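Below is one structure, written out as C-alpha coordinates, with a few remarks after it.
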Ligand SMILES: CN(C)c1cc(-c2ccncc2)c(-c2cccc3ccccc23)nn1
Ligand SMILES: Fc1ccc(-c2n[nH]cc2-c2ccncc2)cc1
Ligand SMILES: Fc1ccc(-c2n[nH]cc2-c2ccncc2)cc1
(Lines give C-alpha, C1' and ligand atoms only; values in the text may rest on other atoms or scores of the structure.)
(Ligands and ions follow the chains in the order given, each with its own letter.)
Protein backbone atom coordinates (compact mmCIF):
# COMPACT_ATOMS: atom_id res chain seq x y z
CA UNK A 1 0.00 0.00 0.00
CA UNK A 2 1.39 3.42 -0.97
CA UNK A 3 1.66 6.44 1.33
CA UNK A 4 -1.29 8.83 1.03
CA UNK A 5 -1.49 12.57 1.68
CA UNK A 6 -4.50 14.79 2.30
CA UNK A 7 -5.46 18.29 1.19
CA UNK A 8 -8.49 20.45 0.47
CA UNK A 9 -9.00 21.80 -3.05
CA UNK A 10 -12.12 23.93 -3.27
CA UNK A 11 -14.67 22.32 -0.92
CA UNK A 12 -13.45 18.81 -1.70
CA UNK A 13 -11.02 16.68 0.29
CA UNK A 14 -8.42 14.85 -1.83
CA UNK A 15 -6.55 11.90 -0.33
CA UNK A 16 -4.16 10.40 -2.91
CA UNK A 17 -0.88 8.44 -3.10
CA UNK A 18 2.26 10.56 -2.86
CA UNK A 19 3.27 9.44 -6.37
CA UNK A 20 0.69 11.99 -7.59
CA UNK A 21 1.98 15.55 -7.08
CA UNK A 22 0.92 19.15 -7.75
CA UNK A 23 -2.87 18.62 -7.83
CA UNK A 24 -4.81 21.54 -9.35
CA UNK A 25 -8.58 21.64 -10.00
CA UNK A 26 -9.63 21.29 -13.65
CA UNK A 27 -13.40 20.71 -13.63
CA UNK A 28 -16.52 19.62 -11.79
CA UNK A 29 -19.65 17.62 -12.61
CA UNK A 30 -22.53 15.83 -10.88
CA UNK A 31 -20.64 12.48 -11.07
CA UNK A 32 -17.28 13.72 -9.67
CA UNK A 33 -14.51 16.34 -9.48
CA UNK A 34 -11.26 16.37 -11.44
CA UNK A 35 -7.70 17.52 -10.70
CA UNK A 36 -4.69 17.70 -12.97
CA UNK A 37 -1.52 16.15 -11.42
CA UNK A 38 2.01 14.97 -12.13
CA UNK A 39 2.57 11.22 -11.80
CA UNK A 40 6.14 10.90 -10.50
CA UNK A 41 6.30 7.18 -11.22
CA UNK A 42 5.79 7.60 -14.99
CA UNK A 43 6.62 11.28 -15.58
CA UNK A 44 3.12 11.74 -17.08
CA UNK A 45 0.58 14.50 -16.54
CA UNK A 46 -2.60 12.85 -15.37
CA UNK A 47 -6.19 13.69 -14.58
CA UNK A 48 -7.56 12.35 -11.26
CA UNK A 49 -11.31 12.08 -10.68
CA UNK A 50 -12.83 11.70 -7.26
CA UNK A 51 -16.29 10.16 -7.57
CA UNK A 52 -19.04 11.95 -5.77
CA UNK A 53 -21.09 10.08 -3.10
CA UNK A 54 -20.36 6.79 -4.84
CA UNK A 55 -22.27 4.59 -2.35
CA UNK A 56 -24.96 6.96 -1.09
CA UNK A 57 -27.76 4.75 -2.48
CA UNK A 58 -28.29 1.54 -4.42
CA UNK A 59 -28.59 3.69 -7.57
CA UNK A 60 -25.26 5.48 -6.96
CA UNK A 61 -23.56 2.24 -5.93
CA UNK A 62 -24.64 0.46 -9.13
CA UNK A 63 -23.55 3.47 -11.23
CA UNK A 64 -20.12 3.50 -9.58
CA UNK A 65 -19.76 -0.21 -10.28
CA UNK A 66 -20.92 0.33 -13.90
CA UNK A 67 -18.43 3.17 -14.47
CA UNK A 68 -15.47 1.30 -12.99
CA UNK A 69 -16.26 -1.96 -14.84
CA UNK A 70 -16.62 -0.05 -18.14
CA UNK A 71 -13.40 1.96 -17.65
CA UNK A 72 -11.41 -1.15 -16.70
CA UNK A 73 -12.57 -2.79 -19.92
CA UNK A 74 -11.79 0.06 -22.36
CA UNK A 75 -8.36 -0.44 -23.85
CA UNK A 76 -8.14 1.50 -27.08
CA UNK A 77 -6.25 4.61 -28.29
CA UNK A 78 -9.47 6.56 -28.96
CA UNK A 79 -11.34 5.68 -25.78
CA UNK A 80 -10.54 7.01 -22.30
CA UNK A 81 -9.12 4.26 -20.14
CA UNK A 82 -7.58 3.84 -16.74
CA UNK A 83 -3.98 4.32 -15.67
CA UNK A 84 -4.91 3.69 -12.02
CA UNK A 85 -7.82 3.38 -9.59
CA UNK A 86 -7.41 3.65 -5.87
CA UNK A 87 -9.01 4.25 -2.52
CA UNK A 88 -7.44 5.49 0.72
CA UNK A 89 -9.39 2.71 2.52
CA UNK A 90 -7.40 -0.28 3.80
CA UNK A 91 -10.48 -2.53 4.20
CA UNK A 92 -14.00 -2.95 2.81
CA UNK A 93 -15.51 -1.72 6.08
CA UNK A 94 -13.94 1.77 5.69
CA UNK A 95 -14.28 1.88 1.89
CA UNK A 96 -16.06 5.15 1.02
CA UNK A 97 -14.12 6.88 -1.78
CA UNK A 98 -13.04 5.94 -5.28
CA UNK A 99 -10.44 7.78 -7.38
CA UNK A 100 -9.85 7.21 -11.08
CA UNK A 101 -6.70 8.21 -13.01
CA UNK A 102 -6.13 8.64 -16.76
CA UNK A 103 -3.77 10.56 -19.12
CA UNK A 104 -4.42 14.30 -18.83
CA UNK A 105 -6.15 15.56 -22.03
CA UNK A 106 -5.88 19.28 -22.83
CA UNK A 107 -9.34 20.27 -24.03
CA UNK A 108 -12.61 18.98 -25.43
CA UNK A 109 -13.78 19.23 -29.01
CA UNK A 110 -16.12 22.07 -28.07
CA UNK A 111 -13.13 24.16 -26.77
CA UNK A 112 -10.98 23.16 -29.76
CA UNK A 113 -13.48 24.22 -32.37
CA UNK A 114 -14.61 27.39 -30.51
CA UNK A 115 -16.00 28.19 -32.81
CA UNK A 116 -14.99 28.16 -36.47
CA UNK A 117 -14.74 25.77 -39.39
CA UNK A 118 -11.88 23.30 -39.15
CA UNK A 119 -9.83 22.40 -42.21
CA UNK A 120 -10.96 19.30 -44.17
CA UNK A 121 -7.83 17.38 -43.01
CA UNK A 122 -8.72 18.05 -39.35
CA UNK A 123 -12.34 17.00 -39.87
CA UNK A 124 -11.12 13.80 -41.54
CA UNK A 125 -8.76 13.00 -38.70
CA UNK A 126 -11.04 13.88 -35.78
CA UNK A 127 -14.06 12.04 -37.22
CA UNK A 128 -11.87 9.04 -38.20
CA UNK A 129 -10.73 8.77 -34.61
CA UNK A 130 -14.27 9.03 -33.19
CA UNK A 131 -15.37 6.28 -35.56
CA UNK A 132 -12.34 4.09 -34.76
CA UNK A 133 -13.21 4.34 -31.04
CA UNK A 134 -16.87 3.81 -31.78
CA UNK A 135 -16.16 0.58 -33.80
CA UNK A 136 -14.36 -0.70 -30.68
CA UNK A 137 -17.10 0.36 -28.23
CA UNK A 138 -19.82 -1.06 -30.43
CA UNK A 139 -18.03 -4.38 -30.93
CA UNK A 140 -18.40 -4.91 -27.16
CA UNK A 141 -22.20 -4.41 -27.54
CA UNK A 142 -21.97 -1.07 -25.73
CA UNK A 143 -23.97 1.97 -26.90
CA UNK A 144 -22.43 5.31 -25.93
CA UNK A 145 -25.77 7.21 -26.01
CA UNK A 146 -24.38 10.69 -25.20
CA UNK A 147 -21.83 11.52 -27.85
CA UNK A 148 -21.34 15.27 -28.10
CA UNK A 149 -18.37 17.65 -28.42
CA UNK A 150 -17.94 18.05 -24.61
CA UNK A 151 -17.48 14.20 -24.33
CA UNK A 152 -14.58 14.18 -26.80
CA UNK A 153 -11.15 14.91 -25.34
CA UNK A 154 -8.57 16.30 -27.74
CA UNK A 155 -4.87 17.19 -27.46
CA UNK A 156 -2.89 19.84 -29.39
CA UNK A 157 -1.66 17.05 -31.65
CA UNK A 158 -5.34 16.36 -32.63
CA UNK A 159 -5.29 13.03 -30.79
CA UNK A 160 -8.85 12.27 -29.72
CA UNK A 161 -10.45 10.10 -27.04
CA UNK A 162 -14.09 9.34 -26.35
CA UNK A 163 -15.15 10.04 -22.73
CA UNK A 164 -18.02 8.63 -20.50
CA UNK A 165 -19.47 5.95 -22.78
CA UNK A 166 -22.22 3.51 -21.77
CA UNK A 167 -22.95 5.52 -18.60
CA UNK A 168 -26.73 5.69 -19.19
CA UNK A 169 -24.16 23.09 -25.42
CA UNK A 170 -27.32 20.94 -24.92
CA UNK A 171 -27.08 17.13 -25.20
CA UNK A 172 -30.37 16.96 -27.12
CA UNK A 173 -28.71 18.75 -30.08
CA UNK A 174 -26.75 15.58 -30.93
CA UNK A 175 -29.45 13.04 -30.11
CA UNK A 176 -31.06 10.74 -32.61
CA UNK A 177 -34.65 11.45 -33.63
CA UNK A 178 -35.85 8.02 -32.40
CA UNK A 179 -34.61 9.00 -28.92
CA UNK A 180 -36.58 12.27 -29.06
CA UNK A 181 -39.55 9.98 -29.84
CA UNK A 182 -38.70 7.84 -26.78
CA UNK A 183 -38.42 4.58 -28.76
CA UNK A 184 -37.33 1.97 -26.27
CA UNK A 185 -35.61 -0.25 -28.88
CA UNK A 186 -33.08 2.17 -30.34
CA UNK A 187 -29.78 0.64 -31.43
CA UNK A 188 -26.05 1.44 -31.67
CA UNK A 189 -26.59 3.70 -34.71
CA UNK A 190 -27.96 6.39 -32.39
CA UNK A 191 -24.21 7.02 -31.90
CA UNK A 192 -23.68 7.34 -35.67
CA UNK A 193 -26.43 10.03 -35.75
CA UNK A 194 -24.45 11.98 -33.11
CA UNK A 195 -21.26 11.62 -35.13
CA UNK A 196 -23.08 13.01 -38.17
CA UNK A 197 -24.20 16.02 -36.13
CA UNK A 198 -20.65 16.58 -34.81
CA UNK A 199 -19.10 16.26 -38.25
CA UNK A 200 -21.59 18.74 -39.80
CA UNK A 201 -20.71 21.19 -37.05
CA UNK A 202 -16.91 20.82 -37.60
CA UNK A 203 -17.46 21.49 -41.31
CA UNK A 204 -19.80 24.49 -40.97
CA UNK A 205 -18.96 26.04 -37.60
CA UNK A 206 -22.64 25.88 -36.61
CA UNK A 207 -24.76 23.49 -34.55
CA UNK A 208 -26.72 21.45 -37.07
CA UNK A 209 -29.95 20.99 -35.03
CA UNK A 210 -30.05 23.50 -32.16
CA UNK A 211 -33.45 22.47 -30.83
CA UNK A 212 -34.96 24.34 -27.90
CA UNK A 213 -36.80 21.25 -26.57
CA UNK A 214 -37.50 17.65 -27.69
CA UNK A 215 -40.36 18.55 -30.07
CA UNK A 216 -38.41 21.42 -31.63
CA UNK A 217 -35.39 19.11 -31.89
CA UNK A 218 -37.45 16.56 -33.88
CA UNK A 219 -38.90 19.34 -36.05
CA UNK A 220 -35.44 20.66 -37.03
CA UNK A 221 -34.29 17.15 -37.83
CA UNK A 222 -37.27 16.43 -40.12
CA UNK A 223 -36.73 19.79 -41.86
CA UNK A 224 -33.36 18.54 -43.13
CA UNK A 225 -33.88 14.82 -43.68
CA UNK A 226 -37.61 15.01 -44.46
CA UNK A 227 -40.63 13.48 -42.76
CA UNK A 228 -40.69 9.67 -42.59
CA UNK A 229 -41.41 7.62 -45.63
CA UNK A 230 -43.72 4.60 -45.83
CA UNK A 231 -41.13 1.98 -44.83
CA UNK A 232 -40.20 3.81 -41.64
CA UNK A 233 -43.80 4.64 -40.72
CA UNK A 234 -44.54 0.89 -40.71
CA UNK A 235 -42.04 0.46 -37.85
CA UNK A 236 -43.77 2.84 -35.40
CA UNK A 237 -45.94 0.91 -32.94
CA UNK A 238 -47.39 3.86 -31.01
CA UNK A 239 -50.69 5.12 -32.41
CA UNK A 240 -50.11 8.54 -30.77
CA UNK A 241 -46.67 8.93 -32.31
CA UNK A 242 -47.97 7.98 -35.77
CA UNK A 243 -50.89 10.38 -35.46
CA UNK A 244 -48.46 13.09 -34.48
CA UNK A 245 -45.92 12.30 -37.21
CA UNK A 246 -48.46 11.79 -40.00
CA UNK A 247 -50.17 15.07 -39.00
CA UNK A 248 -47.04 17.19 -39.58
CA UNK A 249 -46.91 18.93 -42.96
CA UNK A 250 -44.87 16.51 -45.06
CA UNK A 251 -41.38 17.60 -46.04
CA UNK A 252 -38.93 16.15 -48.54
CA UNK A 253 -35.32 15.36 -47.72
CA UNK A 254 -33.10 18.33 -48.51
CA UNK A 255 -30.24 18.10 -51.00
CA UNK A 256 -27.20 17.68 -48.73
CA UNK A 257 -24.89 18.80 -51.58
CA UNK A 258 -26.53 22.24 -51.45
CA UNK A 259 -26.93 22.42 -47.66
CA UNK A 260 -23.21 21.74 -47.18
CA UNK A 261 -22.00 23.23 -50.50
CA UNK A 262 -18.24 23.95 -50.48
CA UNK A 263 -17.46 20.92 -48.33
CA UNK A 264 -15.49 17.99 -49.72
CA UNK A 265 -18.08 16.02 -51.72
CA UNK A 266 -16.84 12.88 -49.94
CA UNK A 267 -17.66 14.46 -46.56
CA UNK A 268 -21.12 15.30 -47.95
CA UNK A 269 -21.65 11.67 -49.08
CA UNK A 270 -20.67 10.34 -45.68
CA UNK A 271 -22.98 12.81 -43.88
CA UNK A 272 -25.83 11.55 -46.07
CA UNK A 273 -25.09 7.98 -44.94
CA UNK A 274 -24.89 8.92 -41.24
CA UNK A 275 -27.95 11.22 -40.99
CA UNK A 276 -30.55 8.76 -42.32
CA UNK A 277 -33.89 9.02 -40.50
CA UNK A 278 -34.49 5.22 -40.32
CA UNK A 279 -31.79 3.88 -38.01
CA UNK A 280 -31.84 0.49 -39.75
CA UNK A 281 -30.42 2.18 -42.88
CA UNK A 282 -27.62 4.24 -41.22
CA UNK A 283 -24.04 3.42 -41.90
CA UNK A 284 -22.23 1.50 -39.13
CA UNK A 285 -18.94 2.64 -37.55
CA UNK A 286 -17.04 -0.20 -39.26
CA UNK A 287 -18.55 0.64 -42.64
CA UNK A 288 -17.84 4.33 -42.15
CA UNK A 289 -14.12 3.72 -41.52
CA UNK A 290 -13.98 2.13 -45.00
CA UNK A 291 -15.59 5.20 -46.63
CA UNK A 292 -13.38 6.96 -49.23
CA UNK A 293 -13.42 10.16 -47.11
CA UNK A 294 -10.92 8.49 -44.73
CA UNK A 295 -8.59 7.13 -47.44
CA UNK A 296 -5.56 8.84 -45.90
CA UNK A 297 -6.21 7.34 -42.43
CA UNK A 298 -7.97 3.98 -42.82
CA UNK A 299 -5.99 0.87 -42.07
CA UNK A 300 -8.17 -2.23 -41.71
CA UNK A 301 -5.35 -3.96 -39.81
CA UNK A 302 -5.28 -1.23 -37.13
CA UNK A 303 -9.01 -0.72 -36.28
CA UNK A 304 -9.35 -3.32 -33.53
CA UNK A 305 -12.40 -4.74 -31.82
CA UNK A 306 -12.98 -5.18 -28.09
CA UNK A 307 -12.87 -8.21 -25.91
CA UNK A 308 -16.39 -9.44 -24.94
CA UNK A 309 -18.10 -7.26 -22.32
CA UNK A 310 -20.56 -8.80 -19.87
CA UNK A 311 -23.34 -6.40 -18.90
CA UNK A 312 -25.48 -9.02 -17.12
CA UNK A 313 -25.05 -7.12 -13.83
CA UNK A 314 -27.40 -4.48 -15.27
CA UNK A 315 -30.43 -6.74 -14.73
CA UNK A 316 -29.53 -7.51 -11.10
CA UNK A 317 -31.29 -6.08 -8.04
CA UNK A 318 -28.72 -6.10 -5.25
CA UNK A 319 -28.28 -4.43 -1.86
CA UNK A 320 -26.20 -1.31 -1.42
CA UNK A 321 -23.40 -3.22 0.40
CA UNK A 322 -23.31 -5.83 -2.36
CA UNK A 323 -22.69 -3.21 -5.09
CA UNK A 324 -20.10 -1.63 -2.79
CA UNK A 325 -18.30 -4.96 -2.27
CA UNK A 326 -18.27 -5.73 -6.00
CA UNK A 327 -16.78 -2.28 -6.58
CA UNK A 328 -14.18 -2.86 -3.90
CA UNK A 329 -13.27 -6.15 -5.62
CA UNK A 330 -12.78 -4.30 -8.90
CA UNK A 331 -10.51 -1.71 -7.22
CA UNK A 332 -8.32 -4.42 -5.66
CA UNK A 333 -8.10 -6.50 -8.85
CA UNK A 334 -7.02 -3.60 -11.07
CA UNK A 335 -3.81 -4.20 -13.03
CA UNK A 336 -2.26 -1.11 -14.57
CA UNK A 337 -1.27 -1.08 -18.25
CA UNK A 338 2.38 -1.62 -19.37
CA UNK A 339 3.28 2.12 -19.57
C1 LIG B 1 -15.70 16.32 -19.47
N2 LIG B 1 -15.74 15.11 -18.65
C3 LIG B 1 -17.12 14.63 -18.46
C4 LIG B 1 -14.62 14.43 -18.09
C5 LIG B 1 -13.28 14.71 -18.39
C6 LIG B 1 -12.26 13.99 -17.77
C7 LIG B 1 -10.84 14.25 -18.16
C8 LIG B 1 -10.07 13.18 -18.60
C9 LIG B 1 -8.76 13.36 -19.01
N10 LIG B 1 -8.23 14.64 -18.99
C11 LIG B 1 -9.00 15.71 -18.56
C12 LIG B 1 -10.31 15.53 -18.15
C13 LIG B 1 -12.62 12.97 -16.90
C14 LIG B 1 -11.68 12.14 -16.12
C15 LIG B 1 -10.84 12.82 -15.26
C16 LIG B 1 -9.94 12.16 -14.47
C17 LIG B 1 -9.88 10.80 -14.53
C18 LIG B 1 -10.72 10.10 -15.35
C19 LIG B 1 -10.61 8.73 -15.36
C20 LIG B 1 -11.45 8.01 -16.20
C21 LIG B 1 -12.37 8.65 -17.00
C22 LIG B 1 -12.48 10.04 -16.98
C23 LIG B 1 -11.64 10.77 -16.16
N24 LIG B 1 -13.95 12.77 -16.61
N25 LIG B 1 -14.89 13.45 -17.19
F1 LIG C 1 -40.51 14.95 -30.20
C2 LIG C 1 -41.65 14.22 -29.98
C3 LIG C 1 -41.68 13.25 -28.99
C4 LIG C 1 -42.82 12.50 -28.74
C5 LIG C 1 -43.97 12.72 -29.50
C6 LIG C 1 -45.16 11.90 -29.24
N7 LIG C 1 -45.14 10.57 -29.06
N8 LIG C 1 -46.47 10.18 -28.85
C9 LIG C 1 -47.33 11.22 -28.89
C10 LIG C 1 -46.58 12.35 -29.13
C11 LIG C 1 -47.11 13.72 -29.23
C12 LIG C 1 -46.38 14.81 -28.78
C13 LIG C 1 -46.91 16.09 -28.89
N14 LIG C 1 -48.13 16.28 -29.41
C15 LIG C 1 -48.85 15.24 -29.86
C16 LIG C 1 -48.37 13.95 -29.78
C17 LIG C 1 -43.95 13.70 -30.51
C18 LIG C 1 -42.80 14.45 -30.75
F1 LIG D 1 -40.17 10.88 -37.12
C2 LIG D 1 -39.42 9.80 -36.92
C3 LIG D 1 -38.06 9.95 -36.69
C4 LIG D 1 -37.28 8.82 -36.49
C5 LIG D 1 -37.87 7.56 -36.47
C6 LIG D 1 -37.03 6.38 -36.34
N7 LIG D 1 -35.85 6.26 -37.00
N8 LIG D 1 -35.36 5.01 -36.70
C9 LIG D 1 -36.20 4.30 -35.92
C10 LIG D 1 -37.28 5.10 -35.66
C11 LIG D 1 -38.44 4.69 -34.82
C12 LIG D 1 -39.09 5.59 -34.01
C13 LIG D 1 -40.16 5.16 -33.22
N14 LIG D 1 -40.48 3.86 -33.24
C15 LIG D 1 -39.86 2.97 -34.00
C16 LIG D 1 -38.80 3.34 -34.81
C17 LIG D 1 -39.24 7.41 -36.75
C18 LIG D 1 -40.02 8.54 -36.94
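Residue count for the stretch 192-223 satisfying the condition of being within 15 Å of ligand 2 (Cβ to nearest atom) and assigned to a helix (DSSP H, G or I): 11.
Within the stretch 224-239, the residues that satisfy the criterion of being within 11 Å of ligand 2 (Cβ to nearest atom) and outside any helix (DSSP H, G or I) are 236, 237, 238. Condition first: more than 22 Å from the chain's Cα centre (by Cα) and at negative phi. Can you find one or more residues in the stretch 64-86 that meet it? Yes, the stretch 64-86 contains at least one residue that is more than 22 Å from the chain's Cα centre (by Cα) and at negative phi.
Would it be correct to say that residue 276 is within 18 Å of residue 127 (Cα to Cα), under 25 Å from the mean Cα position of the chain (by Cα) and within 13 Å of ligand 3 (Cβ to nearest atom)? If you could, list the steps in order and put the result at the bottom.
Values: within 18 Å of residue 127 (Cα to Cα): yes; under 25 Å from the mean Cα position of the chain (by Cα): yes; within 13 Å of ligand 3 (Cβ to nearest atom): yes.
For residue 276, the condition - within 18 Å of residue 127 (Cα to Cα), under 25 Å from the mean Cα position of the chain (by Cα) and within 13 Å of ligand 3 (Cβ to nearest atom) - is met.
Screening the candidates 179, 162, 137, 143 for the property of being within 16 Å of ligand 3 (Cβ to nearest atom), closer than 19 Å to residue 74 by Cα and in the same structural domain as residue 113 (by CATH) yields one hit, 143. Restricting attention to the stretch 47-93, the residues that are assigned to a helix (DSSP H, G or I) and touching a strand residue (DSSP E or B) at 6+ places or on another chain (Cβ under 8 Å) total 5.
Of the strands (runs of 3 or more DSSP E) that lie entirely inside the stretch 1-46, those containing 3 or more residues that are closer than 21 Å to residue 150 by Cβ span 20-28, 32-39. Going residue by residue through the stretch 257-272, is there one that turns out to be within 12 Å of ligand 3 (Cβ to nearest atom) and either touching a helix residue (DSSP H, G or I) at 6+ places or on another chain (Cβ under 6 Å) or in the same structural domain as residue 114 (by CATH) (or both)? No, the stretch 257-272 has no match at all.
Numbers and lists here come from the model and the stated rules, or from a named source; none is laboratory data. A quick note on method: Cβ atoms are made from the backbone with ideal geometry, for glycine too, and the neighbour counts reach across all protein chains shown.
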